[PDB]
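Data first, discussion second: the structure below is written as structure tokens.
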Amino acid sequence: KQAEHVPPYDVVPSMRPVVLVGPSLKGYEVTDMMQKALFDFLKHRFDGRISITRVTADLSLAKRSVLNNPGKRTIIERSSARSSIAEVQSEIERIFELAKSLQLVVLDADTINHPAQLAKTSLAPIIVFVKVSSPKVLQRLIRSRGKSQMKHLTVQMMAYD
Amino acid sequence: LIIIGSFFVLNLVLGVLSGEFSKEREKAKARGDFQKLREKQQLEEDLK
């Protein structure tokens, strides 16, 4: 049973990180607006105990066992040398070292849109849900923004769906 | 004459009309009129 051999114990950081998802896909007007006011409250209330960081790199392809040494050398010139995996692993320790310093960590990347994909990584973070109840609410929330929104107005519904 | 033909008759009319209006109000449940007002009530406070 060494093809997978899933270990009973898994590596986790010192404290569970908190990330923000919902009520729609990240990067959109409202979704970036809802987190803007929410993250602002945490730093004032938890002054001296929190550290909010922003990472612009992808996180979807992050499994606990995929290779002995993923992308150790960038001069390999292979299918993974030119990819972002050369810097994907670097930020994992950055979250790891952030928890080591005994403080609250906040992850608000643009690459998280569902708790399912991050439910199997090494981080195992805290997922906060800001559900807006009926989908009809979201509509008039985005309709009042401006012409920057109806260029992709419809995908917000399936973003919540 | 005033007590019987005016106060008692007015009581009769009020009772009959109240019963009819209650019957129509109960009938309106099948159409679900109250549901439309209820959802719109809890939707406006969401936007506010």
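Just so we're on the same page: first chain in the structure tokens is A, next is B, and so on; residues restart at 1 for each chain, and ligands are numbered from 1 in the order they show up.
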| Exercise answer, chain B residues close to chain A, 10 Å and only C-alpha atoms, as a list in words | residues 39, 43, 44, 46 and 47 of chain B
| Neighbours of residue 117 of chain A within 12 Å (only C-alpha atoms; same-chain residues fewer than 2 positions away dropped), as a list in words? |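 Returned residues: residues 59, 60, 61, 62, 63, 111, 112, 113, 114, 115, 119, 120, 121, 122, 123, 124, 125 and 127 of chain A.
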Keeping only N, CA and C atoms, write the selected residues as a compact mmCIF listing (two decimals), in the first residue's frame.
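Produced file out_20.txt, reproduced below:
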```txt
# COMPACT_ATOMS: atom_id res chain seq x y z
N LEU A 59 -2.06 29.32 -5.56
CA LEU A 59 -1.99 28.34 -4.48
C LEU A 59 -2.77 27.06 -4.78
N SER A 60 -3.43 26.96 -5.94
CA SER A 60 -4.27 25.79 -6.21
C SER A 60 -3.46 24.51 -6.27
N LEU A 61 -2.30 24.54 -6.95
CA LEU A 61 -1.45 23.36 -7.08
C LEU A 61 -0.49 23.31 -5.89
N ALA A 62 -1.00 22.78 -4.77
CA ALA A 62 -0.20 22.65 -3.56
C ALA A 62 -0.69 21.41 -2.81
N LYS A 63 0.01 20.30 -2.99
CA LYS A 63 -0.31 19.05 -2.33
C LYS A 63 0.81 18.66 -1.38
N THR A 111 -6.07 33.84 -5.40
CA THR A 111 -6.14 32.49 -5.93
C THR A 111 -7.00 31.56 -5.09
N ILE A 112 -7.77 32.09 -4.14
CA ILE A 112 -8.66 31.29 -3.30
C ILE A 112 -10.09 31.71 -3.58
N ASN A 113 -10.92 30.75 -3.99
CA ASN A 113 -12.32 31.02 -4.28
C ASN A 113 -13.26 29.93 -3.79
N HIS A 114 -12.76 28.90 -3.09
CA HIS A 114 -13.58 27.79 -2.63
C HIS A 114 -12.81 27.04 -1.56
N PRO A 115 -13.45 26.65 -0.46
CA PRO A 115 -12.73 25.92 0.60
C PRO A 115 -12.35 24.50 0.22
N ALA A 119 -8.81 22.42 1.33
CA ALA A 119 -9.13 21.50 2.40
C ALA A 119 -8.22 20.28 2.44
N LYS A 120 -7.28 20.16 1.50
CA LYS A 120 -6.37 19.03 1.45
C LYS A 120 -4.90 19.44 1.45
N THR A 121 -4.61 20.74 1.53
CA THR A 121 -3.23 21.21 1.56
C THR A 121 -2.66 21.09 2.97
N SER A 122 -1.41 21.51 3.13
CA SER A 122 -0.77 21.45 4.44
C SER A 122 -1.28 22.52 5.38
N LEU A 123 -1.75 23.65 4.84
CA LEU A 123 -2.17 24.77 5.69
C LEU A 123 -3.40 24.42 6.51
N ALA A 124 -4.44 23.89 5.86
CA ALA A 124 -5.73 23.62 6.50
C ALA A 124 -6.23 24.86 7.22
N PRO A 125 -6.66 25.90 6.50
CA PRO A 125 -6.93 27.19 7.14
C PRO A 125 -8.35 27.31 7.68
N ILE A 127 -11.93 29.07 7.26
CA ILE A 127 -12.73 29.64 6.18
C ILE A 127 -13.85 30.46 6.81
```
| Polymer residues at most 7 Å from residue 17 of chain A, only C-alpha atoms, same-chain spacing of 3 or more positions, as a PyMOL selection string | chain A and resi 105-106+125-126
Same residues, N, CA and C atoms, saved as a compact mmCIF listing (two decimals), in the first residue's frame:
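Resulting contents of again-v1.txt:
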```
# COMPACT_ATOMS: atom_id res chain seq x y z
N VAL A 105 -2.30 35.40 11.67
CA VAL A 105 -1.96 35.56 10.27
C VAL A 105 -3.24 35.64 9.45
N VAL A 106 -3.20 36.43 8.38
CA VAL A 106 -4.33 36.61 7.48
C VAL A 106 -3.84 36.42 6.05
N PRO A 125 -6.66 25.90 6.50
CA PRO A 125 -6.93 27.19 7.14
C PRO A 125 -8.35 27.31 7.68
N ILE A 126 -8.66 28.47 8.25
CA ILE A 126 -10.00 28.80 8.70
C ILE A 126 -10.72 29.52 7.57
```
| said: Considering only strand (DSSP E or B) as DSSP defines it on the backbone, what residues of chain A qualify? List them as a VMD selection string. | reply: chain A and resid 18 to 21 50 to 53 104 to 107 126 to 129
| request: Find the spatial neighbours of residue 56 of chain A, counting only C-alpha atoms, within a cut-off of 12 Å - ignore same-chain residues fewer than 6 positions away - and output them as a list in words. | output: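 Residues meeting the cut-off are residues 27, 84, 87, 88, 91, 107, 108, 109, 110, 111 and 112 of chain A.
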| query | What's the 9 Å shell around residue 23 of chain A, counting only C-alpha atoms, without same-chain residues fewer than 4 positions away, as number ranges by chain? | reply | A: 30-31, 34, 129-132, 138, 159-160
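When atom CA of residue 146 of chain A is paired with atom CA of residue 29 of chain A, their separation reads 9.8 Å.
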| query | How many Å lie between atom CA of residue 38 of chain B and atom CA of residue 153 of chain A, rounded to one decimal? | reply |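 Interatomic distance here is 27.0 Å.
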DSSP on the backbone, then: every residue of chain B marked alpha helix (DSSP H), written as a PDB file with C-alpha atoms, in the first residue's frame.
```pdb
ATOM      1  CA  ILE B   2     -82.669  53.845  19.052  1.00  0.00           C
ATOM      2  CA  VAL B   9     -78.162  46.761  13.848  1.00  0.00           C
ATOM      3  CA  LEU B  10     -74.772  48.484  13.666  1.00  0.00           C
ATOM      4  CA  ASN B  11     -73.323  45.678  15.797  1.00  0.00           C
ATOM      5  CA  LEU B  12     -74.877  43.152  13.397  1.00  0.00           C
ATOM      6  CA  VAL B  13     -73.408  44.886  10.338  1.00  0.00           C
ATOM      7  CA  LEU B  14     -69.966  45.191  11.925  1.00  0.00           C
ATOM      8  CA  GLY B  15     -69.936  41.516  12.881  1.00  0.00           C
ATOM      9  CA  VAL B  16     -71.072  40.295   9.468  1.00  0.00           C
ATOM     10  CA  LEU B  17     -68.558  42.482   7.632  1.00  0.00           C
ATOM     11  CA  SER B  18     -65.735  41.443   9.968  1.00  0.00           C
ATOM     12  CA  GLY B  19     -66.563  37.792   9.341  1.00  0.00           C
ATOM     13  CA  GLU B  20     -66.637  38.319   5.577  1.00  0.00           C
ATOM     14  CA  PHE B  21     -63.311  40.177   5.599  1.00  0.00           C
ATOM     15  CA  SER B  22     -61.709  37.487   7.769  1.00  0.00           C
ATOM     16  CA  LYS B  23     -62.962  34.835   5.342  1.00  0.00           C
ATOM     17  CA  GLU B  24     -61.479  36.711   2.379  1.00  0.00           C
ATOM     18  CA  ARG B  25     -58.200  37.231   4.256  1.00  0.00           C
ATOM     19  CA  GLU B  26     -57.965  33.497   4.952  1.00  0.00           C
ATOM     20  CA  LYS B  27     -58.793  32.810   1.297  1.00  0.00           C
ATOM     21  CA  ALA B  28     -55.918  35.087   0.248  1.00  0.00           C
ATOM     22  CA  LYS B  29     -53.419  32.647   1.805  1.00  0.00           C
ATOM     23  CA  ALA B  30     -53.809  30.293  -1.168  1.00  0.00           C
ATOM     24  CA  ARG B  31     -52.712  33.078  -3.524  1.00  0.00           C
ATOM     25  CA  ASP B  33     -50.184  37.590  -1.104  1.00  0.00           C
ATOM     26  CA  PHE B  34     -48.490  37.820   2.307  1.00  0.00           C
ATOM     27  CA  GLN B  35     -45.434  35.981   0.958  1.00  0.00           C
ATOM     28  CA  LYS B  36     -44.691  38.780  -1.520  1.00  0.00           C
ATOM     29  CA  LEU B  37     -44.811  41.413   1.227  1.00  0.00           C
ATOM     30  CA  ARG B  38     -42.701  39.280   3.575  1.00  0.00           C
ATOM     31  CA  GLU B  39     -39.835  38.691   1.132  1.00  0.00           C
ATOM     32  CA  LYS B  40     -39.769  42.338   0.028  1.00  0.00           C
ATOM     33  CA  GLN B  41     -39.681  43.392   3.693  1.00  0.00           C
ATOM     34  CA  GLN B  42     -36.608  41.300   4.533  1.00  0.00           C
ATOM     35  CA  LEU B  43     -34.937  42.236   1.226  1.00  0.00           C
ATOM     36  CA  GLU B  44     -34.966  46.021   1.682  1.00  0.00           C
ATOM     37  CA  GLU B  45     -33.250  45.774   5.073  1.00  0.00           C
ATOM     38  CA  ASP B  46     -30.532  43.695   3.403  1.00  0.00           C
ATOM     39  CA  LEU B  47     -29.816  46.491   0.918  1.00  0.00           C
TER      40      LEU B  47
END
```
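Here atom CA of residue 86 of chain A is placed at a distance of 23.4 Å from atom CA of residue 10 of chain A.
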